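What follows is the residue order along each chain.
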Amino acid sequence: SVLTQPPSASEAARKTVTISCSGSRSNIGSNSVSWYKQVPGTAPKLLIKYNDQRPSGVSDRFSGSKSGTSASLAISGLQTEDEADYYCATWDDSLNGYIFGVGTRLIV
Amino acid sequence: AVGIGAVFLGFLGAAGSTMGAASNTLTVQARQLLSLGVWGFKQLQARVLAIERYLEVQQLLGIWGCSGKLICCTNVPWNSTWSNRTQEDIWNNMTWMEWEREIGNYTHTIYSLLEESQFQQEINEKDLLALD
Amino acid sequence: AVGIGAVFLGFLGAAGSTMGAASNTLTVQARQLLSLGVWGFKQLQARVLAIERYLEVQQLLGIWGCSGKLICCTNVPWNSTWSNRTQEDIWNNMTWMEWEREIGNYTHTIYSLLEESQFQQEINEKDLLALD
Amino acid sequence: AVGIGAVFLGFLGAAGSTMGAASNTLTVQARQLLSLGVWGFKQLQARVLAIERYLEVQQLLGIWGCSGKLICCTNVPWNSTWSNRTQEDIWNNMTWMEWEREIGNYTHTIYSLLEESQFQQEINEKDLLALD
Amino acid sequence: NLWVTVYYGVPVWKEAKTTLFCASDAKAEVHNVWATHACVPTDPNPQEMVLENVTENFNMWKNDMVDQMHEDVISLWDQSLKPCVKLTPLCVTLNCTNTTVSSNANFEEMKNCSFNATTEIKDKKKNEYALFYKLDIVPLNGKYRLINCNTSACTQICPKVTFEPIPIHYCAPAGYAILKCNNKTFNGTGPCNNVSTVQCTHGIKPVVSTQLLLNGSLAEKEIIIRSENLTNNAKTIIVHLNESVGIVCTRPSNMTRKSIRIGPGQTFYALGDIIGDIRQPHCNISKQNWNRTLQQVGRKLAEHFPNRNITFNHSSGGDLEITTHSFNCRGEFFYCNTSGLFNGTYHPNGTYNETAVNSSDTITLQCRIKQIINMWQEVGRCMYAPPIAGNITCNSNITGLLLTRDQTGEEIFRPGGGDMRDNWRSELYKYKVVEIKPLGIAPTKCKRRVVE
Amino acid sequence: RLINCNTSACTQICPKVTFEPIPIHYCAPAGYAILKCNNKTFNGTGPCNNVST
Amino acid sequence: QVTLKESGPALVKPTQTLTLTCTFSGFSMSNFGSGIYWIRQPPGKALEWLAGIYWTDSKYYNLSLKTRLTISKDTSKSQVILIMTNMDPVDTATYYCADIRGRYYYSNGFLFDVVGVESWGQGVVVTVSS
Amino acid sequence: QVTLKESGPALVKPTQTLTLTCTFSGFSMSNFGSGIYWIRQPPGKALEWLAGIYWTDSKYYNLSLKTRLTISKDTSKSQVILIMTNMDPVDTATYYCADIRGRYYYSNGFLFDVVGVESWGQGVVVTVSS
Ligand SMILES: *[C@@H]1O[C@H](CO)[C@@H](O[C@@H]2O[C@H](CO)[C@@H](O[C@@H]3O[C@H](CO[C@H]4O[C@H](CO[C@H]5O[C@H](CO)[C@@H](O)[C@H](O)[C@@H]5O[C@H]5O[C@H](CO)[C@@H](O)[C@H](O)[C@@H]5O)[C@@H](O)[C@H](O[C@H]5O[C@H](CO)[C@@H](O)[C@H](O)[C@@H]5O)[C@@H]4O)[C@@H](O)[C@H](O[C@H]4O[C@H](CO)[C@@H](O)[C@H](O)[C@@H]4O[C@H]4O[C@H](CO)[C@@H](O)[C@H](O)[C@@H]4O)[C@@H]3O)[C@H](O)[C@H]2NC(C)=O)[C@H](O)[C@H]1NC(C)=O
Ligand SMILES: *[C@@H]1O[C@H](CO)[C@@H](O[C@@H]2O[C@H](CO)[C@@H](O[C@@H]3O[C@H](CO[C@H]4O[C@H](CO)[C@@H](O)[C@H](O)[C@@H]4O)[C@@H](O)[C@H](O[C@H]4O[C@H](CO)[C@@H](O)[C@H](O)[C@@H]4O[C@H]4O[C@H](CO)[C@@H](O)[C@H](O)[C@@H]4O)[C@@H]3O)[C@H](O)[C@H]2NC(C)=O)[C@H](O)[C@H]1NC(C)=O
Ligand SMILES: *[C@@H]1O[C@H](CO)[C@@H](O[C@@H]2O[C@H](CO)[C@@H](O[C@@H]3O[C@H](CO[C@H]4O[C@H](CO)[C@@H](O)[C@H](O)[C@@H]4O)[C@@H](O)[C@H](O[C@H]4O[C@H](CO)[C@@H](O)[C@H](O)[C@@H]4O[C@H]4O[C@H](CO)[C@@H](O)[C@H](O)[C@@H]4O)[C@@H]3O)[C@H](O)[C@H]2NC(C)=O)[C@H](O)[C@H]1NC(C)=O
Ligand SMILES: *[C@@H]1O[C@H](CO)[C@@H](O[C@@H]2O[C@H](CO)[C@@H](O[C@@H]3O[C@H](CO[C@H]4O[C@H](CO)[C@@H](O)[C@H](O)[C@@H]4O)[C@@H](O)[C@H](O[C@H]4O[C@H](CO)[C@@H](O)[C@H](O)[C@@H]4O)[C@@H]3O)[C@H](O)[C@H]2NC(C)=O)[C@H](O)[C@H]1NC(C)=O
Ligand SMILES: *[C@@H]1O[C@H](CO)[C@@H](O[C@@H]2O[C@H](CO)[C@@H](O[C@@H]3O[C@H](CO[C@H]4O[C@H](CO)[C@@H](O)[C@H](O)[C@@H]4O)[C@@H](O)[C@H](O[C@H]4O[C@H](CO)[C@@H](O)[C@H](O)[C@@H]4O)[C@@H]3O)[C@H](O)[C@H]2NC(C)=O)[C@H](O)[C@H]1NC(C)=O
Ligand SMILES: *[C@@H]1O[C@H](CO)[C@@H](O[C@@H]2O[C@H](CO)[C@@H](O)[C@H](O)[C@H]2NC(C)=O)[C@H](O)[C@H]1NC(C)=O
Ligand SMILES: *[C@@H]1O[C@H](CO)[C@@H](O[C@@H]2O[C@H](CO)[C@@H](O)[C@H](O)[C@H]2NC(C)=O)[C@H](O)[C@H]1NC(C)=O
Ligand SMILES: *[C@@H]1O[C@H](CO)[C@@H](O[C@@H]2O[C@H](CO)[C@@H](O)[C@H](O)[C@H]2NC(C)=O)[C@H](O)[C@H]1NC(C)=O
Ligand SMILES: *[C@@H]1O[C@H](CO)[C@@H](O[C@@H]2O[C@H](CO)[C@@H](O)[C@H](O)[C@H]2NC(C)=O)[C@H](O)[C@H]1NC(C)=O
Ligand SMILES: *[C@@H]1O[C@H](CO)[C@@H](O[C@@H]2O[C@H](CO)[C@@H](O)[C@H](O)[C@H]2NC(C)=O)[C@H](O)[C@H]1NC(C)=O
Ligand SMILES: *[C@@H]1O[C@H](CO)[C@@H](O)[C@H](O)[C@H]1NC(C)=O
Ligand SMILES: *[C@@H]1O[C@H](CO)[C@@H](O)[C@H](O)[C@H]1NC(C)=O
Ligand SMILES: *[C@@H]1O[C@H](CO)[C@@H](O)[C@H](O)[C@H]1NC(C)=O
Ligand SMILES: *[C@@H]1O[C@H](CO)[C@@H](O)[C@H](O)[C@H]1NC(C)=O
Ligand SMILES: *[C@@H]1O[C@H](CO)[C@@H](O)[C@H](O)[C@H]1NC(C)=O
Ligand SMILES: *[C@@H]1O[C@H](CO)[C@@H](O)[C@H](O)[C@H]1NC(C)=O
Ligand SMILES: *[C@@H]1O[C@H](CO)[C@@H](O)[C@H](O)[C@H]1NC(C)=O
Ligand SMILES: *[C@@H]1O[C@H](CO)[C@@H](O)[C@H](O)[C@H]1NC(C)=O
Ligand SMILES: *[C@@H]1O[C@H](CO)[C@@H](O)[C@H](O)[C@H]1NC(C)=O
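The rules we used
- Residues numbered from 1 in each chain as written, not as in the entry; some residues may be left out.
- Chains lettered and ligands numbered in written order.
- Part of a larger assembly, values for the part shown.
- Heavy atoms only, no water.
- Near = heavy atom within 4 Å.
- Polar contact = N/O pair within 3.5 Å; in protein donor to acceptor, adjacent residues only side chain to side chain.
- Helix = DSSP H or I, 4+ residues; strand = E, 2+ residues; numbered from the N terminus.
- Contact = heavy atoms within 4.5 Å.
- Expected span 1.5 Å × (residues − 1).
- Buried < 20%, exposed > 50% of the residue type's maximum accessible area, 1.4 Å probe, protein only.

Header annotation of the entry names cryo-EM as the structure determination method and lists the resolution as 3.46 Å.

## Things to note about the site of ligand 7
Residues and elements named next belong to chain E. Surrounding ligand 7, one finds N309, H347 and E410. At a separation of 2.4 Å, an oxygen atom of ligand 7 approaches a polar side-chain atom of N309. Between ligand 7 and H347, the relevant distance is 2.6 Å, taken from an oxygen atom to a side-chain nitrogen or oxygen of the residue.

## Side note on the environment of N51 of chain A
Residues and elements named next belong to chain A. Counting through the fold element by element, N51 comes out in the loop between β3 (45-48) and β4 (63-67). Linking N51 and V2, residues 49 residues apart in sequence, is a C-alpha distance of 18 Å. Filtering out sequence-adjacent residues up to four positions away, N51 remains in contact with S32, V33, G64, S65 and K66. At 2.8 Å, the side chain of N51 forms a polar contact with the side chain of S32.

## Focus on helix α6 (residues 107-129) of chain B
For α6 of chain B, with 23 residues, the first-to-last C-alpha span of 34 Å sits near the 33 Å given by 1.5 Å per residue. Along α6 of chain B, the residues classified as buried are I110, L114, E115, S117, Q118, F119, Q121, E122 and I123 of chain B. Close packing links the buried residues of α6 of chain B with α3 (38-64) and β2 (71-77) of chain B, α2 (26-32) of chain C together with β34 (439-444) of chain E.

## Observations regarding the side chain of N148 of chain E
Residues and elements named next belong to chain E. With respect to the helices and strands, the residue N148 is situated in the loop between β11 (144-146) and β12 (161-162). A relative accessible area of 7% means that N148 is categorised as buried. Once residues lying within four places of it in the same chain are set aside, the contact partners of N148 are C154 and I372.

## Some points on the environment of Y61 of chain H
Residues and elements named next belong to chain H. Turning to its location among the elements, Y61 is positioned in strand β6 (residues 59-61). Given a relative accessible area of 22%, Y61 falls into the partly exposed group. Distance in space between the C-alpha atoms of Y61 and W38 is 9.8 Å, their sequence separation being 23 residues. When sequence neighbours within four positions are dropped, the list of residues in contact with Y61 reads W49, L50, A51, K66, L69, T70 and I71. Polar side-chain contacts of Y61 include one of 2.9 Å to the backbone nitrogen of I71.

Okay, structure coming up:
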């Protein structure tokens, strides 16, 4: 009943990096998933809303999608300032809670 | 997804939803009805305007017998000419805005029928109580 | 002579006819009720006047229990002092205008009786539902 | 001491008496409701104010199902949190003014419950009539 | 068989026309022209619901709200100006001459005019002197007279009232609603698929301007261009900017305000003297914020006019009311020579990197003061703006532009305030009053029971 | 000279109108009432135990 | 614009009762769509959800800490108060109060789903030591 | 004042469908007492009544020509349209559209009786030939 995603998804720059976070029917299948970016020492910020939309302020590079019980966050044009801890969270209704992910590391 | 009881929805909510779903949110709309200087005249005109609009609906409801009932059935039958679509596709495939636009031409005929029918429901009832 | 359904008659129609005949044309009268410059003030004064007159009748009806009923029976009996004429000669030999002129003096007494009677109909009904 | 029928009492009478005793004088209060120059504007502003206040109460009554009933029972149960005193001490040991002061905080919650309950009383009734 | 049933309170609305009333937060004898103290308090947090699965058409060119409140403003101005002094006695011969004091050389904008003014008693008359701008006095066959003496009785503003642009909310009565669009790329006319219902609008500041919309709300996504018929060159164009540019305007001078008595119970205030040097008013605009701003709007216009060179030029000329950028600052009416702002053109093909233009560079402007104003583009009224002691400075943000288009190749766009009503169209473009129709009739299987 | 010449234009009472103190009654609309106290030793502020509507 | 500010003691003893208060402005907690969450993050690891409270007066807590958590709101003071009891040494973490944006749709009854938590707080640090 | 003007083709072939339209002004066809008749008169002989339409949307036709006649009204265009089919050589006659004035009285139900047809038309001639 917890989303599982690959931690330490470090890779080179100047390319397209795709990450995925798995879930279940209760959490990913029947609800929406949102992504967040958090450099250590401060609060996170939103990147993905409604699984396919992004607020005003996020670069054109960040994008994601939802398919069945799994989701993705496609990021292109990686830069030296695009490293932080990334999370995915979604309401589940199994415990009636907005359970978060496990957190990843993106190091160039 | 957590459920909303439909009493917490805002004004004009569920307008774009199906007619059957919107039938469960009649209460919220009813609450909002009847909510010397230059401003005073315009404000005073606004207050009378709100009263007139609210009273117009209630006057029609009283004649039709639905004086206080939010949902009321009647004895007049529905005519296929006014609408030909089936019940399943009416309550679960379109919104209230489209439905009113479709039958806006036959509104006058239906209003007269309700007054005629309900008035007949009163005189015959009176005849029944006179047999004691 | 072709027949009129009495729904097509105009306002104040059947005024000179018998009381029984005019009892079938109550609907048409109900419809007409609630139908910066110098004109605006007079027009505004007219709109509030119409609302006040319509609401006065409805306020009396609600207390008497005929909130929405066009024709309603009551439990209070009729007194011979108020009127001595038989039923046959009342509904088939004179108009409504004459009837109201005849009993205009006793209208105050009848009005109070309806409030007292209907109010009594409520408290005793409440006592009956408390036995469950 | 000769007896008064409670219909002859004046406006706001029996205010300092018990709640049960004052329940028999509801009629008298209802009667008094809706009883170019500088004076005309103030008088005109007064007439609209009276209409607005009266219509506010009637709008709530219609949704609750007590469109014309002076005393109406409902299906929602009473909560001990709102009031803990027994029935004997409520109708025979204090006045209406104190009672409204005590429960003025919970008025909002009760109003919503009546709308929700009465609205539910309509949809389930409609389902029963569809079995014919 | 099916039977008819009546539903009360359905979510149905129909377009309609109705009156509106103001609403503003409490502010606090203080006097305001808009009488916001008399306006109804709005709310801490008004109720707003975002509707879904709904598309509604909008048309701001046939919106009665702009027409309605347009007549409100003129009545409000009239309501406050009735108990103010009338300057009919000032129509007297003026013996004007050059002002003397020890740029300063160009002093031919204010003249020291002397005249015989009636004292508190009617019969006696005494000599008085005051300073008047050259735009408000005309010569004769070597004497001068006020420009308004042959047009109409010309009144004054009581200084007690202040006419700063306090935001106000136009709210409709019960039984009506205002529909608000939320699409970020919505032009003047077309469907809106993110309509939201609100009891009434947000704070709207009534600002009087000709060529530039000041201290207003900004577009969210990108620059918005609105016009009823773009192909038609006779209709004005409204441009809404997503990035704002600050404007600083000032009248540097400490002008003593002198009270002059002109009759029994009548007293008016004029300019006393100059303490220092003569210096003209001016407005400063950054070079990069304007060159970049005209760059962004230039490419936006390319889509509507493909493969066409776009150039911005100064106004044609004629009357000074619309040729110049007229605005207000602490109650002083300015008229800025806007010619250097529109001194560039957009090339659809080329390189436009901003680093080429030097920074810390501003665009100084020449502006003039006119204390006799005829307003609403109709010669039937006055407001004589009284002076203010000391120097004034007003800072604001530019929000939108009012441009007009005038055979092949280059396309010329010029600034012009053709109509005043377009000032508020840029704020009410996303609003529409509508009436509620809570009656609904549909068939059903339920039948009314009859007691026998 | 008149005192008011340097203050404000001063109007005149038309002799046709008379401004004698005719008693008047201020009355509220329906739905409102006016409460009247009857204690003979009642000061400006305090409870009243003989209130009449 | 919405601003979220939280406050609470840093040095917290075990076994006692602690109170966390998050102050909000620019909106009301009674209107449609309003709601505030509570997030924990021990240092150097992922986030954790404590509870959340909506404008419908509906309170939702984590299953593992249902008995230890009770939340409340204040309409007058315009604040949300979180009470926790029986802390542990592993309670050392940063507390975040955040506001949520959501959507509504009908499926056998009206439903509310959160598209994401938009507005976060600056954070308050709590330590369990002596 | 009321004016009745009619129009239609003069040369009419047999077996086809013809349309007669009478234009009226100065009154409405929805108000009480309104009604328009259709009269025929072959040359040199008496009149004949085709049909009539009242403000109650009630249409009355002659028994001998019930199937051949169908009448209609137009509230927007403010006209009455008469349609006849399967003409005969004896159909050569002058067509009149006229307005009626009447009375109402109660006898076991409200009744409407006509006192006489007051306002007539100028007439239109129809011929059946080739
Ligand atoms: C369809 O259209 C929908 C509407 O456009 C759209 O929904 C909207 O989506 C956006 C994007 O998610 C939301 O934007 C956020 O808004 C937050 C503030 O929200 C509050 O204020 C709103 C505006 O309030 C003014 O205007 C109202 C107009 O109706 C008035 O009613 C108000 O009274 C108020 O007026 C006052 O102020 C005016 C000027 O502001 C002034 O003129 C006026 O006179 C008066 O003084 C309210 O609408 C809103 O109310 C809603 O929500 C509350 C609960 O929140 C309910 O109670 C209400 O009933 C109503 O439902 C709020 O009260 C912003 O703070 C927020 O900013 C953050 O996010 C953006 C990007 O998303 C960042 O750029 C920004 O910097 C902020 O993030 C930063 O800070 C955080 C820390 O806080 C940090 O962590 C982060 O990393 C970053 O640094 C954001 O912009 C908007 O709220 C949604 N609703 C509305 C109504 O607009 C929908 O998505 C569209 N699409 C669909 C449906 O598919
Ligand atoms: C804006 O518009 C969008 C799309 O236009 C809309 O989303 C869609 O909403 C509709 C209605 O809310 C959804 O349709 C419902 O879906 C549920 C669940 O569907 C899943 O499960 C079924 C199997 O159960 C699968 O076949 C399906 O593929 C999905 O996986 C259904 O359960 C619903 O069925 C009920 O409603 C039908 C139509 O009214 C009835 O014919 C049917 O019998 C069901 O009614 C009965 O339900 C109970 C069953 O026990 C019973 O107790 C009841 O009394 C009743 O008899 C229905 O088909 C659709 O899935 C949505 N699509 C999406 C989200 O992509 C938005 O809702 C709309 N916005 C708003 C605000 O409304
Ligand atoms: C303005 O004033 C004039 C005159 O004052 C008035 O005209 C008169 O109207 C009255 C009422 O409409 C007419 O009286 C009715 O006449 C019919 C027919 O009368 C002829 O036939 C009878 C035999 O049937 C002859 O004896 C007579 O001489 C005529 O030749 C009667 O049938 C009516 O009887 C009914 O009404 C009576 C009174 O209400 C009842 O006592 C009687 O029982 C009948 O009622 C029953 O009728 C049905 C019978 O089956 C039954 O189904 C019902 O339920 C009900 O029980 C009645 O006497 C009178 O003739 C008119 N006189 C004229 C025209 O010269 C105008 O009408 C008035 N204007 C308006 C607008 O009203
Ligand atoms: C577009 O929008 C901008 C943004 O508001 C406007 O810029 C403001 O305009 C207002 C109105 O002209 C300015 O308000 C004025 O401020 C003066 C200075 O205030 C400062 O200094 C005093 C001490 O000298 C301090 O007490 C004060 O707190 C400030 O720090 C005031 O002296 C003015 O006073 C006026 O109002 C009072 C009210 O009682 C009267 O008694 C006075 O007699 C006088 O009439 C006035 O309040 C404001 O300074 C401008 N800047 C800002 C940042 O707000 C643009 O003017 C506007 N443009 C258009 C065209 O609408
Ligand atoms: C952003 O900022 C840049 C620069 O800061 C602005 O670009 C300048 O634009 C002006 C106006 O176009 C340029 O000035 C001159 O424009 C002439 C336009 O040609 C017409 O007018 C001339 C007038 O004599 C006619 O002869 C001609 O037939 C046309 O009818 C050009 O012809 C001029 O070119 C001459 O001077 C340049 C100087 O660099 C020489 O290189 C040429 O060879 C030629 O001799 C001249 O360009 C000005 O030069 C531009 N400066 C630049 C590009 O650095 C942008 O306009 C501004 N953004 C916006 C939106 O306005
Ligand atoms: C404007 O003109 C008036 C005269 O009409 C000037 O007033 C005189 O000024 C001189 C020098 O300042 C004094 O010596 C006189 O006593 C003044 N006489 C009066 C009647 O005022 C005034 O100074 C001029 N002001 C300017 C700015 O030129
Ligand atoms: C539009 O403007 C562009 C430049 O902004 C013009 O391009 C120049 O055109 C002249 C001929 O008129 C050529 O000699 C130059 O070589 C062109 N410039 C460059 C950089 O090549 C263009 O002519 C203008 N007119 C049109 C119709 O595009
Ligand atoms: C690059 O410059 C060219 C100029 O030739 C622009 O395209 C041409 O515009 C002229 C305008 O008179 C047309 O006659 C030509 O047909 C256009 N060329 C083509 C191939 O269609 C072009 O728009 C400029 N590039 C950009 C990005 O604006
Ligand atoms: C882009 O901006 C740079 C910023 O300066 C421009 O570079 C300048 O160009 C001028 C003229 O060629 C030189 O005199 C300066 O020395 C240059 N400065 C620097 C720092 O390089 C450049 O010209 C711009 N690009 C254009 C106009 O295409
Ligand atoms: C814009 O032009 C001015 C011209 O004065 C530049 O001012 C120079 O600034 C530098 C750094 O502050 C000084 O060392 C020079 O002495 C200044 N020039 C003078 C006084 O003539 C200014 O730097 C330019 N803008 C930019 C961004 O460089
Ligand atoms: C007007 O001013 C000039 C200034 O030199 C002066 O000579 C002239 O006498 C003045 N006019 C009168 C009537 O005094
Ligand atoms: C608003 O409508 C435009 C097209 O008219 C569309 O591109 C845009 O995405 C819409 N806004 C939304 C969906 O938020
Ligand atoms: C505005 O937008 C609509 C739809 O996007 C489009 O049809 C129309 O041409 C645009 N321009 C005007 C002036 O309406
Ligand atoms: C404003 O819109 C222009 C359109 O080209 C865009 O380039 C610019 O980045 C936008 N700026 C902001 C702050 O949205
Ligand atoms: C704009 O006006 C021109 C003038 O001829 C016309 O041809 C064109 O159709 C109009 N376009 C509109 C109204 O969208
Ligand atoms: C203008 O003159 C007044 C009065 O002498 C003085 O107080 C003020 O400082 C002067 N203005 C400036 C900018 O010094
Ligand atoms: C504006 O100034 C320019 C030069 O700066 C001048 O050519 C033009 O005539 C002026 N226009 C007005 C109306 O003052
Ligand atoms: C808009 O104006 C206000 C007050 O004049 C100012 O505080 C604000 O910074 C301005 N906006 C920008 C983007 O500079
Ligand atoms: C009115 O109150 C005073 C004390 O406040 C009391 O002495 C007096 O008796 C009262 N009047 C009565 C009881 O009539």
